[PDB]
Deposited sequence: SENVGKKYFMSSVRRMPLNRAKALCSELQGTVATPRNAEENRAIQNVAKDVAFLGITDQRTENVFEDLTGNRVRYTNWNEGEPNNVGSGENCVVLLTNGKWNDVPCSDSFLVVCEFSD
């Protein structure tokens, strides 16, 4: 239903959003524990998720404006433009959108 592919280099979210979009995809956004795990397995290191507080300050939503219905915050998170990264243990950290991380793109038919 969803194809996940990781980038080779680390980059800020703006470059990441543009990368996934180029091939009609989006920055990976897990809707449940299974997808979270799926993305965690393809990413070789900490990677960006398609969740930010860009539209509404300090309120996390997906790239379509919906508040996320699934989260998996690391202990102490989200700790406050805010972005989200998926750690190697699968938990989430709140980080600056300007910092660079691997990118996992999500694709569907």
(message) Need the unmodelled segments of the deposited chain, numbered from 1, in order.
(response) 1-5, 86-89
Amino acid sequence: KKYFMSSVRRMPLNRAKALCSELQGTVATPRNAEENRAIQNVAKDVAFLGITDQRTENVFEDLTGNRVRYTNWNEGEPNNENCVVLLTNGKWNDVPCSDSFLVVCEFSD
From here on, numbers count along this sequence of modelled residues.
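For clarity, a rigid core is taken as the largest C-alpha set superposing within 1.5 Å between two forms.
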(request) Report the stretch with the higher root mean square CA deviation, pooled over structures and residues in 8 other deposited structures of this protein, choosing between 57-65 and 30-38 after a rigid core fit. (result) 57-65
(message) Superpose by the rigid core and compare 48-56 with 66-74; which one moves more, by C-alpha RMS, in 8 other deposited structures of this protein?
(response) 48-56
(message) Highest mean C-alpha temperature factor of the two stretches 34-42 and 54-62, which is it?
(response) 54-62
(request) Could you check the entry and say whether 18-26 or 90-98 has the higher mean CA B-factor? (result) 18-26
(message) Looking at the temperature factor on the CA atom of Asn80, which third of the chain's modelled residues does it land in?
(response) highest
